[PDB]
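1. can you look at this? It's an experimental structure, sequence on top.
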Amino acid sequence: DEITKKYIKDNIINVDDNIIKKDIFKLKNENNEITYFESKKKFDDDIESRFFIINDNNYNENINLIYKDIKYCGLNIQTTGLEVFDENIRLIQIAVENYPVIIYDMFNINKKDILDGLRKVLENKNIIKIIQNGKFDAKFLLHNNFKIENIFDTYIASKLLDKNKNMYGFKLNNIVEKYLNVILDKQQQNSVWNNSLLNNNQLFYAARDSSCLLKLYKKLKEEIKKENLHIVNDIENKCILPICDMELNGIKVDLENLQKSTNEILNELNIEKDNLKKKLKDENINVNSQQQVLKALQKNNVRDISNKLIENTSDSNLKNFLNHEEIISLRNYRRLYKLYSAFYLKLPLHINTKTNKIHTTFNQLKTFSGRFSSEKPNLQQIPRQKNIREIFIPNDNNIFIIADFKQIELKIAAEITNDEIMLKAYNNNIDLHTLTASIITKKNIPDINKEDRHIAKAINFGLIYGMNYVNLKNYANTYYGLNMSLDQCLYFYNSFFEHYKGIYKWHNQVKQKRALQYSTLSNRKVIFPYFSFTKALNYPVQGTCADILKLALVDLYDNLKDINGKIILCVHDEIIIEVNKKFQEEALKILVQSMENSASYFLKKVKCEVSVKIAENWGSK
DNA sequence: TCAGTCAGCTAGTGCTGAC
DNA sequence: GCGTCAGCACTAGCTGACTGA
Ligand SMILES: Nc1nc2c(ncn2[C@H]2C[C@H](O)[C@@H](COP(=O)(O)OP(=O)(O)OP(=O)(O)O)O2)c(=O)[nH]1
Ligand SMILES: [Ca+2]
């Protein structure tokens, strides 16, 4: 059929006879001298539909003038699949205001003159890029030898302006329906992208989704201004890239130690399960069942010193019912089983072939409070213990520099509440976490070890964020045999909140007024459906900690290009960088300066510090 | 063949890991 | 009522298919 073969030469299949094929354009010449396919069926929307196609034999040099002397532009990238490591970019879209969208067919392109102009347009810092869900596209671009410096992703602006009311969607169609008075009609049910040949309607949608971003940017730049939400948007937009680089690299694991520890812990687990079942009075029990094990404990007459019966096996509550043989074995088995199933029996299933490294997937804003989250193998969940963390190593002749913010929260709260005592203490360079570990224990500061500091962390942050005295005493008597009276905990809670008056003022003033709008130091807003004192207290401080970490990522990413270094992980408040063995001192100094000058921006009165340790293995702090 | 007696999904829980 | 999130494993219940009626 000649009808379906209308526009084959441009690598287009005329599936639908709903198209038509050149017009004079008054472009600007390099000396500042003045010098597209369409669909037959029009759309009621005012969004752009026209577009060009740039092919190997369908290139003209003067196309580059369209991007020349520009300010903002839309960009979208459609890919064959979702695995960046084993997928190739299919299409690039560029949408200039009052211009048709421009398409580079990457499969149907073999020369490099076509691409250099787009390269230069991406490079320039002064050109702001509009990309929906920028993380995906930036991942692909950095993988395929592209370098971006500026982004303005409309998902970020939408979610920040949405004030975290509904957690779902925020796709292009939902946002376009919400803010703009347009309906994109995303009826494309993921058509065949692997095939090089593409139908016309699919490309019309591909150009439409890119073109709709420009009006969205125009309107959101006004909407963000009246809300005073520009700072957080800028920080997030500039921090999109370092997440992508960190996820592109990943962290290496030595398979020999992984397999050795797997076999050893498997043998330990089997002997432990044997001992556990033998200690229990029935052999058919499936141990992992919380309800079956609850019934088993009940029929074994396991009881507390008090008149209570086993209602749950939660570790926090389980730690009280000790001094029975079976429960020590139960807890040891639970620990080993968690370590095995969560990590060791699943980590080998995640080590990518031909790379021998793990790769994760960071969630930019899925968290309520703005922290990162990992949906793929969670590198934020790998255990603390050294013997399990050593398996992570740098590449050959490389060494890690591990920097962690020293007491990042309780520095945020100090500014947000502008308390004098906390800020003076942190000028004096004293450790609040160590002091917490010492006051509720022996008074010897030098005797406080890592575990005691770790327990101090939870109690201190909880009492800052609204924990009442009954639950605090439950926690304290659980994790350390204090056996403290209720009056002792009441006195401690009051002493803390009075010796730091600003925090008590903050609690009183946020409780007295049932405000439903809360802001972070980056003006990141939220609206709660119903008041909850704990979340209300939490959100500003944690949001500011997230903002400080994101700005630190931005500054460190900018500064690290000198030494060819690369970032591999960020978890929640620390950064790991792999740098060559010759530039260790430069890497350490750069990392400390970057973290310092990121923290000193939002916090203008407390001097943040960092614990930096040059490590051969990520486990070996 | 309808009516009464049976495997797969499927959201709900409990638990633990990090910060 | 201290917060954010992700992961592993059960097991009621709904819905669906087989043995009489
Ligand atoms: N509400 C609550 N927030 C926590 C808890 N643990 C950590 N956070 C937050 C606050 C921490 O400052 C932040 C970083 O965790 P870290 O383990 O690094 O604590 P920190 O940096 O203060 O100790 P460090 O100086 O690095 O040894 O995560 C917790 O148990 N409860
Ligand atoms: Ca830290």
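-> Sure, I can see it. Numbers count the residues shown, from 1 in each chain, chains lettered A, B, ... in the order given. Ligands and ions are numbered 1, 2, ... in the order given.
2. phi first, then psi, for residue A:104.
-> Residue A:104 adopts backbone torsions of phi -110, psi 120, taken as degrees, to the nearest 10.
3. and it, how many neighbours?
-> By the criterion of other Cβ atoms under 10 Å, residue A:104 has 21 neighbours. Where C-beta positions appear, they are placed from N, C-alpha and C, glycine not excepted.
4. for residue A:269, same thing?
-> Neighbour count of residue A:269, defined by other Cβ under 10 Å: 20.
5. now residue A:460
-> Neighbour count of residue A:460, defined by other Cβ under 10 Å: 21.
6. host element of it?
-> Using DSSP states H and E, residue A:460 sits in helix A:450-465.
7. what angle sits between the helix or strand that that helix is followed by and helix A:450-465?
-> For helix A:450-465, the succeeding helix or strand toward the C-terminus, using DSSP H and E, is helix A:469-479. Note on geometry: by axes from the mean of the first three to the mean of the last three Cα atoms, to 10 degrees, helix A:469-479 and helix A:450-465 are set 170 degrees apart in direction.
8. which secondary structure elements does the next helix or strand after helix A:469-479 contact?
-> As assigned by DSSP H and E, the chain's next helix or strand after helix A:469-479 is helix A:486-499. Here helix A:486-499 is seen to pack against helix A:450-465, helix A:469-479, helix A:501-512 when contacts are counted using 3 or more Cβ pairs under 8 Å, 6 or more residues apart in numbering; DSSP states H and E.
9. and ligand 2, which of those is closest to it?
-> Nearest to ligand 2, of all these, is helix A:450-465, at 9.3 Å by Cβ to the ion.
10. related to what we said a few turns ago, out of the helices and strands packed on helix A:486-499, which comes closest to residue A:360?
-> Across the helices and strands packed on helix A:486-499, residue A:360 has its closest neighbour in helix A:450-465 (23.8 Å, Cβ to Cβ).
11. does the closest one come close to ligand 2?
-> No: shown here: helix A:450-465 not in contact with ligand 2 (Cβ under 5 Å from the ion), separated by at least 9.3 Å.
12. buried set for that helix?
-> Buried residues in helix A:450-465, counted by 16 or more other Cβ atoms under 10 Å: A:452, A:455-457, A:459-461, A:463-465.
13. of these, closest to ligand 1?
-> Comparing those against ligand 1 with Cβ to the nearest ligand atom places residue A:461 closest, at 3.8 Å.
14. the closest one: what's it in contact with?
-> Counting by Cβ atoms under 8 Å, 6 or more residues apart in numbering, residue A:461 makes contact with A:409-410.
15. related to what we said a few turns ago, quickly check: the helix holding residue A:460 near ligand 1 or not.
-> Yes: judged by Cβ under 6 Å from any ligand atom, helix A:450-465 comes into contact with ligand 1 at A:457-458, A:461-462, A:465.
16. partners of residue A:76 in the sheet?
-> Beta bridges link residue A:76 to residue A:93, judged by DSSP bridges.
17. stretch A:302-322 close to DNA strand B?
-> Yes: applying Cβ under 7 Å from any atom of the strand, one finds that stretch A:302-322 is in contact with DNA strand B at A:312-316, A:318.
18. can I get the residues you listed in JSON lines with secondary structure, neighbour count and distance to residue A:10?
-> Shown next, in JSON lines, are the residues of stretch A:302-322 next to DNA strand B (DSSP: H, G, I helix; E, B strand; the rest coil; neighbours: other Cβ atoms under 10 Å; distance: Cβ to Cβ, whole Å):
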{"residue": "A:312", "secondary structure": "coil", "neighbour count": "10", "distance to residue A:10": "66"}
{"residue": "A:313", "secondary structure": "coil", "neighbour count": "17", "distance to residue A:10": "66"}
{"residue": "A:314", "secondary structure": "coil", "neighbour count": "9", "distance to residue A:10": "64"}
{"residue": "A:315", "secondary structure": "helix", "neighbour count": "11", "distance to residue A:10": "64"}
{"residue": "A:316", "secondary structure": "helix", "neighbour count": "11", "distance to residue A:10": "65"}
{"residue": "A:318", "secondary structure": "helix", "neighbour count": "17", "distance to residue A:10": "68"}
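19. thanks a lot, catch you later.
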